[PDB]
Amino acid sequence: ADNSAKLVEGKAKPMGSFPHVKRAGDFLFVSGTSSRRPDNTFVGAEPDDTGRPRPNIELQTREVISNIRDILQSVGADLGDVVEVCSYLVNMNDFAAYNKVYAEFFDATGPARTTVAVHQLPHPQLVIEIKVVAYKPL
């Protein structure tokens, strides 16, 4: 519909020609979200002295879910409206720490979840990207 898609001010510009979130009837589809900042630096991938990124799954996961919360808030929803989470790791050795952060945000009572490790995410510094579906009738 006319204003179904939203680019959210203050968030990182999407990697391609697509919005952060798309409404469809009562549903909201949130594009895969990373810890990347608007200046194209990465939360939780601070380079060390040699310039080598040191990815931190705890820091990136917390920032990804925080970013998703901001996106939902821009279209009148919040984390309590999320009904499906798809989480893409790059290494399952990051699972325990990612799971610990996930539990800071989602309770009983929360969305369905699926977690897999993919071969690569779109930037080599990423160790997590999450896409969600949310439900909130207008």
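Position 1 is the first residue in the sequence shown; the rest follow in order.
Once the C-alpha B-factors are averaged per stretch, 107 to 115 and 77 to 85 rank with 107 to 115 first. Here the stretch with the larger average CA B-factor, out of 37 to 45 and 52 to 60, is 37 to 45.
Per the PDB record, residue ranking by Cα B-factor puts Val132 in the middle third of the chain. Among all modelled residues in its chain, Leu126 ranks in the lowest third by Cα B-factor.
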